[PDB]
Number of protein chains: 2
Amino acid sequence: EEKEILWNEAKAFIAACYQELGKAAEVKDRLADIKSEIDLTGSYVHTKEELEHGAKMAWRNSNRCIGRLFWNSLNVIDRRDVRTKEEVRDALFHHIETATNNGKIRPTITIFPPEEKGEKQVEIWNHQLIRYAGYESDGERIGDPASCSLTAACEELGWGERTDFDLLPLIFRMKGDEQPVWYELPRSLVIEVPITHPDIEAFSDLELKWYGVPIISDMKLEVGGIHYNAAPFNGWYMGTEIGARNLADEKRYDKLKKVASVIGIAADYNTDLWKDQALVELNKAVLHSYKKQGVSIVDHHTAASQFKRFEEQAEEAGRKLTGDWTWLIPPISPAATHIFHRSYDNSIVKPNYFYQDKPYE
Amino acid sequence: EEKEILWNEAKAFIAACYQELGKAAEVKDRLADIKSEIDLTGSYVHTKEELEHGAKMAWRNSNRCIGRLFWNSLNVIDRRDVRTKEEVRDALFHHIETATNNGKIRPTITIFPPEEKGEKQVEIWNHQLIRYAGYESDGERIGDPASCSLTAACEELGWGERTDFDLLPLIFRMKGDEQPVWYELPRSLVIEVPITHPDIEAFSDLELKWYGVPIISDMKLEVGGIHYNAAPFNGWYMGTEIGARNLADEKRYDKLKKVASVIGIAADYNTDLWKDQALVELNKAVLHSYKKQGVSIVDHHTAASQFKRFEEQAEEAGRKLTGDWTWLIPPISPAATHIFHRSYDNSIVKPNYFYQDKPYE
Ligand code: HEM
Ligand code: HEM
Ligand SMILES: Nc1ccc2ccc(COc3cccc(CNCCc4ccccn4)c3)cc2n1
Ligand SMILES: Nc1ccc2ccc(COc3cccc(CNCCc4ccccn4)c3)cc2n1
Ligand SMILES: [Cl-]
Ligand SMILES: [Cl-]
């Protein structure tokens, strides 16, 4: 019953993958071997080639991702050999270092052992490997509200300085342990960017910063029926993620009214469009700051131009394009991108990245 | 067969409408009379009360409309008595005048005789009663590209000065005529707003203007199975419709690069976010200009605040809310509105406004 869905997903996956790799004649012998292994063992093991291409396919199929032009240059690190907390921690440290690449960010995924039969071998608690803590004590709000529950979980395990930019530790659980372990990130590994504005010297009075590399670490990678629940991956930021959402949302750092004040405009009348102007200057400052520091970043116009090339590459390859319009349009000037003016089929195609339940409340 | 769908839509409509009007006990006798009329005549005639409430319900159900808070104050003008071109033309003139209301815009719909049995009694060719012509001759682009086909149709019928802001004439066809007639709009009836900026005196060098009142005139109003294909209606503008779309879209007036130049910023690098900054200043100028001239207009923040009140009024009345997220979010700073951060059921509920085929190519 379980075995059965696995074998089907493996047929679809191996056929499609070997076809794209030009290995179509190797398909029957490989599915023979796979059908054996599933009967014998209940599961099967991807080749390095299948695992690498499967992770790239999963990015290519990620309907909500505007950055998919570059799906085929994904740097796949195969860490299915890890067995200990120390090895997990070091592989996550290595990912940060090699993905950061001194600021010239490399899109990277590190793939840990897949779930055996429902049972996770490694369970990562971080939403991103690098993220700020958040606190909420008697109406005192500090740091990143989106991190409050994970921050509270971490402080149950004996771990913050209660700045607005505390780095959460790595926190993950190994199969067999009842509690996750945590490890403080070495600060030598974490690039952060202070936010300054190209024109407005006072912008630095806000003392904003953000980290260089978004490394999403709580999504499941599914390839041919194998469930890689621990497979953190990163791209580089699109500047609106930082300037229009992380620093701007009322339920995040909520900085627009402070932005308005340091750029010298009143924040009193809706019709002054002060939120919109503050958003533009904050997003300009973010792109400027990342560029000045030599940390990779893309603006939403260039990103959508790249995504149009991805759409054209799909059609030219004879692949259906799928996409989630509500996530593809940027939160800043969306009608200034081609995305806004077309529609997308939101069908789910596998391999893909998927949400999974949090282990903390 | 035809009669049959009509009777069903009438049952659903009359029950729901009389219930909201507190006339639930009058329902059986009215559907009796309706069942008679449909058998006798093939159709039935709304009371002024049903027609007024049905048009209000249709606005309330308009999934894409952020302005629905005010659905119950819609000013319904019953023009089912018109029979001649002159009466149609005068009713459309009257609509412009009374909806404009010297700039204090009144949401108004004028309802013409419904389609008999598929056959339109009046067929309005305008997309809006007030709109600018568009021209496209040997790569010379003038006026509003969205009006090119209707403008070309109008010039087949003997009607432009080829400014960028020529008013199209009213153009409509009466049952029985093979060709529509057209009538030049009296300029005394058309308020236009020159676009100036509150801070940047050079903005007036762009010589932009827009008209005061958007009067959508090509949608079908359906109420209880009766198809009012000619029922032009208006609200007031939300400023982004003008500043983020009509004047900004590359396939409309395409003014952002000229905006950038008069506000003194370079239009060279995506990462300067010059399109976003130009959009904000253009949208500020639009709101400022309408306000200075005393013409009603709403900014997208106030509008979304109003729409949140509509959502709360729906829940408090025990009505399901429907909505189209992709049209409800504004094209400027959408994540700064509550709409962006929630989802909406896009189910179609009647009475409603619907697209219908254009009569011109
Ligand atoms: C190379 C640079 C990249 C850029 C600029 C980029 C851009 C983005 C953006 C802006 C989002 C929307 C998130 C939001 O609205 O907050 C997104 C979603 C996503 N991206 Fe990419 N991305 C990139 C690389 C990657 C990589 C390397 C992968 C995986 C291998 C990936 C997989 C996804 C997935 C799964 C989502 C959806 C997540 C969800 O549903 O919550 N992206 N991307
Ligand atoms: C009172 C002021 C009003 C405001 C500010 C407002 C705002 C808007 C906006 C911004 C749109 C989206 C159009 C676009 O994205 O270009 C829209 C769509 C719509 N509005 Fe409203 N509206 C108002 C009044 C009305 C009235 C009076 C009716 C009818 C009685 C109406 C029916 C609709 C319909 C049917 C649509 C969708 C049209 C389509 O699908 O193309 N609205 N509204
Ligand atoms: N550069 C990059 C590169 C890769 C990325 C991979 C994943 C993500 C995930 O990102 C989010 C996850 C959860 C919530 C949010 C908040 N945004 C929501 C967007 C939205 C659109 C429409 C309606 C509601 N919400 C983001 C980011 C990546 N970023
Ligand atoms: N103040 C008001 C008041 C009432 C209005 C009634 C109707 C309309 C119709 O408006 C449009 C009709 C056709 C095209 C467009 C262009 N915008 C498209 C919006 C969009 C969203 C997402 C994806 C693609 N397109 C508008 C306007 C009214 N306006
Ligand atoms: Cl983020
Ligand atoms: Cl318009």
# chains A, B, ... in the order shown; residues from 1 in each chain; ligands from 1

$ residues_around --residues "residue A:76" --least-positions-apart "4" --cutoff "12 Å" --atoms "only C-alpha atoms" --output "list in words"
residues 48, 49, 50, 51, 52, 53, 54, 55, 56, 57, 58, 59, 71, 72, 80, 95, 98, 99, 106, 107, 108, 109, 110, 111, 112, 231, 232, 233 and 234 of chain A

$ write_last_selection --atoms "C-alpha atoms" --output "compact mmCIF listing (two decimals), in the first residue's frame"
# COMPACT_ATOMS: atom_id res chain seq x y z
CA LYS A 48 23.83 11.37 -6.96
CA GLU A 49 22.72 12.25 -10.48
CA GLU A 50 19.04 11.64 -9.74
CA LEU A 51 19.22 13.52 -6.46
CA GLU A 52 20.96 16.52 -8.02
CA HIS A 53 18.60 16.70 -10.99
CA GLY A 54 15.56 16.03 -8.80
CA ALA A 55 16.41 18.98 -6.55
CA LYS A 56 16.86 21.21 -9.62
CA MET A 57 13.53 19.98 -11.03
CA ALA A 58 11.87 20.75 -7.73
CA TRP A 59 13.04 24.36 -7.91
CA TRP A 71 17.15 26.34 -11.57
CA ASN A 72 19.82 24.36 -13.49
CA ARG A 80 22.70 11.58 3.05
CA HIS A 95 26.15 25.33 3.81
CA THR A 98 29.65 27.92 0.83
CA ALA A 99 26.30 29.48 -0.04
CA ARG A 106 25.67 30.51 -4.62
CA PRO A 107 22.19 28.93 -4.78
CA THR A 108 22.82 25.78 -2.76
CA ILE A 109 20.81 22.96 -1.21
CA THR A 110 22.20 20.51 1.35
CA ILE A 111 20.23 17.28 1.34
CA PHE A 112 20.10 15.16 4.52
CA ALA A 231 17.03 19.81 2.80
CA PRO A 232 17.78 23.49 3.47
CA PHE A 233 18.28 25.62 0.39
CA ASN A 234 19.04 29.24 -0.41

$ closest_atom_pairs --of "chain B" --to "chain A" --cutoff "6 Å" --atoms "only C-alpha atoms" --output "Markdown table"
| residue | atom | partner | partner_atom | distance |
| --- | --- | --- | --- | --- |
| B:271 | CA | A:299 | CA | 5.8 |
| B:276 | CA | A:333 | CA | 5.9 |
| B:299 | CA | A:271 | CA | 5.8 |
| B:331 | CA | A:335 | CA | 5.6 |
| B:332 | CA | A:333 | CA | 5.3 |
| B:333 | CA | A:332 | CA | 5.3 |
| B:334 | CA | A:331 | CA | 5.8 |
| B:335 | CA | A:331 | CA | 5.6 |

$ closest_atom_pairs --of "chain B" --to "ligand 6" --cutoff "9 Å" --atoms "only C-alpha atoms and all ligand atoms" --output "JSON lines"
{"residue": "B:128", "atom": "CA", "partner": "ligand 6", "partner_atom_place_in_ligand_line": "1 (Cl)", "distance": 7.9}
{"residue": "B:131", "atom": "CA", "partner": "ligand 6", "partner_atom_place_in_ligand_line": "1 (Cl)", "distance": 8.1}
{"residue": "B:213", "atom": "CA", "partner": "ligand 6", "partner_atom_place_in_ligand_line": "1 (Cl)", "distance": 8.8}
{"residue": "B:214", "atom": "CA", "partner": "ligand 6", "partner_atom_place_in_ligand_line": "1 (Cl)", "distance": 5.9}
{"residue": "B:215", "atom": "CA", "partner": "ligand 6", "partner_atom_place_in_ligand_line": "1 (Cl)", "distance": 8.6}
{"residue": "B:216", "atom": "CA", "partner": "ligand 6", "partner_atom_place_in_ligand_line": "1 (Cl)", "distance": 8.4}
{"residue": "B:237", "atom": "CA", "partner": "ligand 6", "partner_atom_place_in_ligand_line": "1 (Cl)", "distance": 7.7}
{"residue": "B:241", "atom": "CA", "partner": "ligand 6", "partner_atom_place_in_ligand_line": "1 (Cl)", "distance": 6.0}
{"residue": "B:242", "atom": "CA", "partner": "ligand 6", "partner_atom_place_in_ligand_line": "1 (Cl)", "distance": 6.6}
{"residue": "B:245", "atom": "CA", "partner": "ligand 6", "partner_atom_place_in_ligand_line": "1 (Cl)", "distance": 8.2}
{"residue": "B:246", "atom": "CA", "partner": "ligand 6", "partner_atom_place_in_ligand_line": "1 (Cl)", "distance": 6.4}

$ select_by_dssp --residues "stretch 194-317 of chain A" --states "strand (DSSP E)" --output "number ranges by chain"
A: 194, 209-211, 215-216, 220-223, 226-228, 233-234

$ calpha_fit_and_write --fixed "chain A" --moving "chain B" --output "compact mmCIF listing (two decimals) with C-alpha atoms, in the first residue's frame"
# COMPACT_ATOMS: atom_id res chain seq x y z
CA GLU B 1 0.00 0.00 0.00
CA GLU B 2 2.81 2.36 1.00
CA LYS B 3 5.29 0.67 -1.37
CA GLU B 4 2.72 1.17 -4.07
CA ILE B 5 2.63 4.99 -4.24
CA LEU B 6 6.43 4.97 -3.95
CA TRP B 7 6.82 2.76 -7.01
CA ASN B 8 4.49 4.98 -9.04
CA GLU B 9 6.23 8.22 -8.11
CA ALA B 10 9.54 6.53 -8.93
CA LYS B 11 8.33 5.57 -12.41
CA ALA B 12 7.15 9.06 -13.23
CA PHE B 13 10.29 10.60 -11.76
CA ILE B 14 12.93 8.29 -13.25
CA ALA B 15 11.36 8.37 -16.73
CA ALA B 16 11.18 12.17 -16.74
CA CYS B 17 14.61 12.70 -15.17
CA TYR B 18 16.51 10.24 -17.38
CA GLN B 19 14.74 11.74 -20.40
CA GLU B 20 16.01 15.24 -19.52
CA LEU B 21 19.48 13.83 -18.82
CA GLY B 22 19.53 12.06 -22.19
CA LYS B 23 19.67 8.66 -20.41
CA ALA B 24 16.27 7.38 -21.62
CA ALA B 25 17.64 3.99 -22.65
CA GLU B 26 18.94 3.42 -19.08
CA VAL B 27 15.41 3.75 -17.73
CA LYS B 28 14.12 0.15 -17.79
CA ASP B 29 17.18 -1.34 -16.10
CA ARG B 30 17.08 1.35 -13.42
CA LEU B 31 13.38 0.84 -12.70
CA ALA B 32 13.97 -2.91 -12.59
CA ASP B 33 16.59 -2.30 -9.90
CA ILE B 34 14.25 0.16 -8.16
CA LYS B 35 11.30 -2.27 -8.24
CA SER B 36 13.60 -4.85 -6.64
CA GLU B 37 14.86 -2.50 -3.93
CA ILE B 38 11.34 -1.36 -2.98
CA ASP B 39 10.18 -4.97 -2.70
CA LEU B 40 13.27 -5.98 -0.73
CA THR B 41 13.66 -2.90 1.45
CA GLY B 42 10.47 -0.80 1.29
CA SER B 43 12.31 2.12 -0.32
CA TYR B 44 15.02 2.99 -2.84
CA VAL B 45 18.09 5.21 -2.95
CA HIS B 46 18.65 7.95 -5.51
CA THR B 47 21.89 8.13 -7.42
CA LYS B 48 23.83 11.37 -6.96
CA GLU B 49 22.72 12.25 -10.48
CA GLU B 50 19.04 11.64 -9.74
CA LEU B 51 19.22 13.52 -6.46
CA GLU B 52 20.96 16.52 -8.02
CA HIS B 53 18.60 16.70 -10.99
CA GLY B 54 15.56 16.03 -8.80
CA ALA B 55 16.41 18.98 -6.55
CA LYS B 56 16.86 21.21 -9.62
CA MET B 57 13.53 19.98 -11.03
CA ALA B 58 11.87 20.75 -7.73
CA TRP B 59 13.04 24.36 -7.91
CA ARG B 60 11.96 24.59 -11.56
CA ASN B 61 8.48 23.46 -10.46
CA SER B 62 8.18 25.90 -7.55
CA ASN B 63 5.12 27.84 -8.64
CA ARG B 64 5.69 30.71 -6.21
CA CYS B 65 9.36 31.34 -7.11
CA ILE B 66 10.23 34.24 -9.42
CA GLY B 67 13.87 33.23 -9.42
CA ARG B 68 13.51 29.97 -11.32
CA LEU B 69 15.53 31.07 -14.40
CA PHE B 70 18.59 29.72 -12.61
CA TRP B 71 17.15 26.34 -11.57
CA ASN B 72 19.82 24.36 -13.49
CA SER B 73 22.78 25.94 -11.72
CA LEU B 74 21.58 24.92 -8.24
CA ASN B 75 24.58 23.68 -6.20
CA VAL B 76 23.43 20.36 -4.67
CA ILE B 77 25.32 19.06 -1.64
CA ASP B 78 24.62 15.38 -0.92
CA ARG B 79 24.69 14.83 2.87
CA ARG B 80 22.70 11.58 3.05
CA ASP B 81 25.73 10.07 4.82
CA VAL B 82 25.33 12.12 8.05
CA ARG B 83 24.50 10.16 11.19
CA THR B 84 25.40 12.43 14.14
CA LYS B 85 24.38 15.81 15.57
CA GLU B 86 27.92 17.03 15.05
CA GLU B 87 27.83 16.09 11.37
CA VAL B 88 24.44 17.79 10.87
CA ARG B 89 25.70 20.93 12.59
CA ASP B 90 28.88 21.01 10.54
CA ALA B 91 26.99 20.41 7.28
CA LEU B 92 24.72 23.34 8.15
CA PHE B 93 27.75 25.49 8.99
CA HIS B 94 29.32 24.46 5.70
CA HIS B 95 26.15 25.33 3.81
CA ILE B 96 26.15 28.84 5.26
CA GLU B 97 29.80 29.32 4.37
CA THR B 98 29.65 27.92 0.83
CA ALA B 99 26.30 29.48 -0.04
CA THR B 100 27.49 32.87 1.25
CA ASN B 101 30.70 32.62 -0.76
CA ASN B 102 32.01 35.91 0.67
CA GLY B 103 28.85 37.64 -0.56
CA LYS B 104 28.77 36.27 -4.11
CA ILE B 105 25.87 34.03 -3.11
CA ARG B 106 25.67 30.51 -4.62
CA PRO B 107 22.19 28.93 -4.78
CA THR B 108 22.82 25.78 -2.76
CA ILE B 109 20.81 22.96 -1.21
CA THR B 110 22.20 20.51 1.35
CA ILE B 111 20.23 17.28 1.34
CA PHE B 112 20.10 15.16 4.52
CA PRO B 113 18.88 11.52 4.78
CA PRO B 114 15.24 11.26 3.73
CA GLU B 115 12.44 10.13 5.99
CA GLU B 116 12.58 6.38 6.27
CA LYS B 117 9.02 5.15 6.43
CA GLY B 118 7.44 8.27 7.91
CA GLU B 119 10.22 8.60 10.49
CA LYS B 120 12.48 11.63 10.11
CA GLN B 121 16.19 11.01 10.48
CA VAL B 122 16.89 14.70 11.07
CA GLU B 123 14.25 17.31 11.91
CA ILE B 124 15.31 20.94 11.48
CA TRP B 125 13.42 23.39 13.64
CA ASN B 126 14.69 26.64 12.06
CA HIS B 127 12.54 28.31 9.44
CA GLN B 128 15.77 29.76 7.98
CA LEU B 129 19.27 28.80 9.11
CA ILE B 130 19.98 32.49 9.72
CA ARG B 131 17.11 34.41 11.27
CA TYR B 132 16.50 36.92 14.04
CA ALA B 133 14.87 36.07 17.38
CA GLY B 134 11.64 37.71 18.44
CA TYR B 135 10.27 38.53 21.85
CA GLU B 136 6.93 39.59 23.28
CA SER B 137 6.87 40.25 27.05
CA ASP B 138 4.13 42.46 28.59
CA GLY B 139 3.57 44.45 25.42
CA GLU B 140 7.32 44.93 24.96
CA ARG B 141 8.05 43.79 21.37
CA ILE B 142 11.68 43.10 20.44
CA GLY B 143 13.21 41.62 17.30
CA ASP B 144 11.24 39.70 14.69
CA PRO B 145 7.65 38.79 15.67
CA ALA B 146 7.69 35.96 13.16
CA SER B 147 10.32 34.26 15.31
CA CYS B 148 8.44 34.46 18.67
CA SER B 149 7.31 30.85 18.87
CA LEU B 150 10.68 29.40 17.78
CA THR B 151 12.50 31.83 20.06
CA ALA B 152 10.32 30.72 22.99
CA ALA B 153 10.99 27.08 22.10
CA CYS B 154 14.74 27.76 22.02
CA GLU B 155 14.66 29.41 25.45
CA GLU B 156 13.00 26.26 26.80
CA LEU B 157 16.11 24.35 25.78
CA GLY B 158 18.51 26.57 27.69
CA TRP B 159 19.45 29.13 25.01
CA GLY B 160 18.85 35.59 23.71
CA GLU B 161 20.45 39.01 24.34
CA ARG B 162 17.11 40.70 23.39
CA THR B 163 18.48 43.01 20.79
CA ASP B 164 16.27 43.46 17.74
CA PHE B 165 18.75 41.34 15.75
CA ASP B 166 19.69 38.31 17.89
CA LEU B 167 20.71 35.36 15.72
CA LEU B 168 18.68 32.30 16.59
CA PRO B 169 20.81 29.21 17.06
CA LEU B 170 20.63 26.21 14.83
CA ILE B 171 18.09 23.89 16.40
CA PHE B 172 17.38 20.38 15.16
CA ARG B 173 16.46 16.95 16.47
CA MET B 174 17.96 13.56 15.58
CA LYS B 175 15.90 10.43 15.25
CA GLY B 176 15.89 8.80 18.63
CA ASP B 177 16.32 11.95 20.67
CA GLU B 178 13.34 13.35 22.51
CA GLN B 179 14.70 16.92 22.45
CA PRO B 180 16.42 18.94 19.71
CA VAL B 181 19.91 20.26 20.25
CA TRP B 182 20.92 23.85 19.56
CA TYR B 183 24.20 25.44 18.44
CA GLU B 184 25.06 29.13 18.38
CA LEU B 185 26.01 30.29 14.90
CA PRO B 186 29.65 31.35 14.57
CA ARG B 187 29.44 35.06 13.79
CA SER B 188 32.39 34.79 11.37
CA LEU B 189 29.99 32.81 9.13
CA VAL B 190 27.08 35.29 9.10
CA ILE B 191 27.23 38.27 6.78
CA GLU B 192 24.90 41.09 7.76
CA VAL B 193 24.24 44.27 5.84
CA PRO B 194 23.63 47.62 7.58
CA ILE B 195 20.88 49.53 5.76
CA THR B 196 21.92 52.95 4.56
CA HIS B 197 20.32 55.12 1.92
CA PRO B 198 22.21 56.31 -1.20
CA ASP B 199 21.07 59.93 -0.78
CA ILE B 200 19.70 60.46 2.75
CA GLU B 201 22.44 60.36 5.33
CA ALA B 202 19.98 60.26 8.21
CA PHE B 203 18.70 56.85 7.11
CA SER B 204 21.46 55.22 9.17
CA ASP B 205 19.84 56.68 12.32
CA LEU B 206 17.30 53.83 12.01
CA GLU B 207 20.12 51.36 12.64
CA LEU B 208 18.46 48.73 10.43
CA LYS B 209 20.31 45.67 9.21
CA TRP B 210 19.45 42.38 7.63
CA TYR B 211 21.31 39.19 7.04
CA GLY B 212 22.86 38.36 3.75
CA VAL B 213 21.57 34.93 2.86
CA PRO B 214 17.99 33.54 3.20
CA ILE B 215 18.42 29.79 3.77
CA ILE B 216 14.97 28.20 3.98
CA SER B 217 15.27 25.15 6.14
CA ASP B 218 11.78 23.90 6.99
CA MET B 219 10.47 22.74 3.58
CA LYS B 220 10.22 19.13 2.39
CA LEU B 221 11.91 18.22 -0.90
CA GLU B 222 10.06 15.38 -2.59
CA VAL B 223 11.75 13.53 -5.44
CA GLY B 224 10.25 10.35 -6.91
CA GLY B 225 8.34 9.46 -3.76
CA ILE B 226 11.37 9.94 -1.48
CA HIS B 227 10.63 12.57 1.19
CA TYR B 228 13.64 14.73 2.08
CA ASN B 229 12.15 16.64 4.98
CA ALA B 230 15.56 18.12 5.88
CA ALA B 231 17.03 19.81 2.80
CA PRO B 232 17.78 23.49 3.47
CA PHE B 233 18.28 25.62 0.39
CA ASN B 234 19.04 29.24 -0.41
CA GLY B 235 18.98 31.71 -3.25
CA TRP B 236 19.80 35.37 -2.86
CA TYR B 237 17.22 37.90 -1.71
CA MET B 238 14.95 39.88 -3.94
CA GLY B 239 15.11 43.29 -2.33
CA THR B 240 11.32 43.61 -1.73
CA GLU B 241 11.40 40.58 0.60
CA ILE B 242 13.46 42.73 2.94
CA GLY B 243 12.25 46.23 2.21
CA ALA B 244 8.60 45.59 1.55
CA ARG B 245 7.91 42.78 3.98
CA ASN B 246 10.53 41.91 6.63
CA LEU B 247 11.20 45.51 7.63
CA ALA B 248 7.86 47.01 6.56
CA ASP B 249 5.05 44.67 7.60
CA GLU B 250 3.15 45.78 10.71
CA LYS B 251 3.55 42.25 12.11
CA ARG B 252 7.30 42.25 11.35
CA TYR B 253 9.73 45.07 12.01
CA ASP B 254 7.05 47.69 11.15
CA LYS B 255 9.51 50.45 10.16
CA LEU B 256 7.56 52.59 7.67
CA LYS B 257 6.59 55.33 10.05
CA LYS B 258 10.21 55.63 11.20
CA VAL B 259 11.32 55.56 7.55
CA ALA B 260 8.88 58.39 6.77
CA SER B 261 10.32 60.49 9.55
CA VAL B 262 13.97 60.13 8.56
CA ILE B 263 13.23 60.77 4.89
CA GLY B 264 11.51 63.97 5.96
CA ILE B 265 7.88 63.39 4.98
CA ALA B 266 4.78 63.58 7.12
CA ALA B 267 3.04 60.31 8.00
CA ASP B 268 -0.36 61.84 8.69
CA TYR B 269 -2.59 61.58 5.58
CA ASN B 270 -3.38 58.52 3.51
CA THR B 271 -3.62 60.71 0.43
CA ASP B 272 0.00 61.80 0.78
CA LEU B 273 0.94 58.19 -0.06
CA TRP B 274 3.56 58.39 2.65
CA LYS B 275 3.53 54.62 3.14
CA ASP B 276 4.19 54.14 -0.57
CA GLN B 277 7.01 56.69 -0.67
CA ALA B 278 8.59 55.30 2.50
CA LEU B 279 8.38 51.79 0.96
CA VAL B 280 10.20 52.97 -2.18
CA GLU B 281 12.97 54.70 -0.26
CA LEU B 282 13.36 51.74 2.13
CA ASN B 283 13.57 49.33 -0.81
CA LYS B 284 16.07 51.61 -2.58
CA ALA B 285 18.16 51.67 0.59
CA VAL B 286 18.13 47.88 0.86
CA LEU B 287 19.36 47.35 -2.73
CA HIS B 288 21.96 50.06 -2.33
CA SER B 289 23.21 48.56 0.92
CA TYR B 290 23.56 45.01 -0.35
CA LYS B 291 25.34 46.26 -3.49
CA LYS B 292 27.70 48.52 -1.55
CA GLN B 293 28.68 45.62 0.66
CA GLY B 294 29.18 43.20 -2.23
CA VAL B 295 26.33 40.88 -1.21
CA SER B 296 24.21 39.42 -4.00
CA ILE B 297 20.66 40.79 -4.28
CA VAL B 298 18.15 41.28 -7.13
CA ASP B 299 15.58 44.01 -7.59
CA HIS B 300 12.06 43.02 -8.51
CA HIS B 301 12.25 44.50 -12.04
CA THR B 302 15.39 42.55 -12.96
CA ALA B 303 13.96 39.47 -11.27
CA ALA B 304 10.74 39.63 -13.30
CA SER B 305 12.79 40.20 -16.47
CA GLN B 306 14.67 37.00 -15.57
CA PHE B 307 11.40 35.22 -14.92
CA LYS B 308 10.14 36.19 -18.36
CA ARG B 309 13.22 34.52 -19.76
CA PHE B 310 12.34 31.45 -17.69
CA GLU B 311 8.85 31.47 -19.25
CA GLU B 312 10.42 31.69 -22.72
CA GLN B 313 12.90 28.92 -21.88
CA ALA B 314 10.02 26.71 -20.73
CA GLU B 315 8.04 27.16 -23.94
CA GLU B 316 11.17 26.64 -26.06
CA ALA B 317 11.88 23.37 -24.19
CA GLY B 318 8.27 22.24 -24.61
CA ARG B 319 7.64 22.19 -20.84
CA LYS B 320 4.43 23.44 -19.33
CA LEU B 321 4.94 26.51 -17.17
CA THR B 322 3.27 26.56 -13.79
CA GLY B 323 3.13 29.47 -11.43
CA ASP B 324 1.32 31.14 -8.56
CA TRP B 325 0.43 34.67 -9.72
CA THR B 326 -0.34 35.82 -6.16
CA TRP B 327 3.24 35.02 -5.10
CA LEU B 328 5.01 35.85 -8.38
CA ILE B 329 3.94 39.49 -8.49
CA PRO B 330 6.21 41.67 -6.33
CA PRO B 331 4.69 43.61 -3.39
CA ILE B 332 6.14 46.87 -4.86
CA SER B 333 4.78 48.22 -8.20
CA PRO B 334 3.47 44.83 -9.32
CA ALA B 335 1.72 46.24 -12.43
CA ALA B 336 5.10 47.48 -13.60
CA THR B 337 6.10 43.81 -14.24
CA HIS B 338 4.90 41.55 -17.08
CA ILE B 339 3.83 38.96 -14.48
CA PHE B 340 0.92 41.11 -13.29
CA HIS B 341 -0.49 41.26 -16.82
CA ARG B 342 -0.70 37.54 -17.45
CA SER B 343 -2.09 34.44 -15.80
CA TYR B 344 -0.39 31.24 -14.62
CA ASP B 345 -1.49 27.63 -14.18
CA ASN B 346 -1.04 26.86 -10.45
CA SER B 347 -0.92 23.09 -10.97
CA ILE B 348 1.41 21.19 -8.65
CA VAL B 349 4.10 19.22 -10.50
CA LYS B 350 6.65 17.03 -8.74
CA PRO B 351 9.58 17.00 -7.83
CA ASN B 352 8.77 19.99 -5.65
CA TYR B 353 9.27 21.70 -2.29
CA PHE B 354 6.42 21.42 0.21
CA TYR B 355 5.35 22.77 3.55
CA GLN B 356 5.49 20.43 6.51
CA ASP B 357 4.18 20.73 10.06
CA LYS B 358 6.32 22.59 12.54
CA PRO B 359 7.65 20.48 15.43
CA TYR B 360 7.20 23.36 17.91
CA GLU B 361 3.84 24.84 18.87

$ decode --residues "stretch 20-45 of chain B" --atoms "C-alpha atoms" --output "CSV table (one decimal), in the first residue's frame"
chain,number,residue,atom,x,y,z
B,20,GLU,CA,-33.5,41.8,2.7
B,21,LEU,CA,-36.3,44.4,2.2
B,22,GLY,CA,-38.3,42.9,5.0
B,23,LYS,CA,-41.1,41.9,2.6
B,24,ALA,CA,-40.8,38.1,3.0
B,25,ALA,CA,-44.5,37.6,3.4
B,26,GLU,CA,-45.2,39.3,0.0
B,27,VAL,CA,-43.0,36.7,-1.7
B,28,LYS,CA,-45.6,34.0,-2.7
B,29,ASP,CA,-48.1,36.4,-4.2
B,30,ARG,CA,-45.3,38.1,-6.2
B,31,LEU,CA,-43.9,34.8,-7.5
B,32,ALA,CA,-47.4,33.7,-8.4
B,33,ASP,CA,-47.8,36.8,-10.5
B,34,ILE,CA,-44.3,36.3,-11.9
B,35,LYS,CA,-45.0,32.6,-12.8
B,36,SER,CA,-48.1,33.9,-14.6
B,37,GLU,CA,-46.3,36.6,-16.5
B,38,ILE,CA,-43.5,34.2,-17.7
B,39,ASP,CA,-46.1,31.7,-18.9
B,40,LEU,CA,-48.1,34.4,-20.6
B,41,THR,CA,-45.3,36.6,-22.0
B,42,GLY,CA,-42.0,34.7,-21.8
B,43,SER,CA,-40.6,37.2,-19.3
B,44,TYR,CA,-41.5,39.4,-16.3
B,45,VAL,CA,-41.0,43.0,-15.3
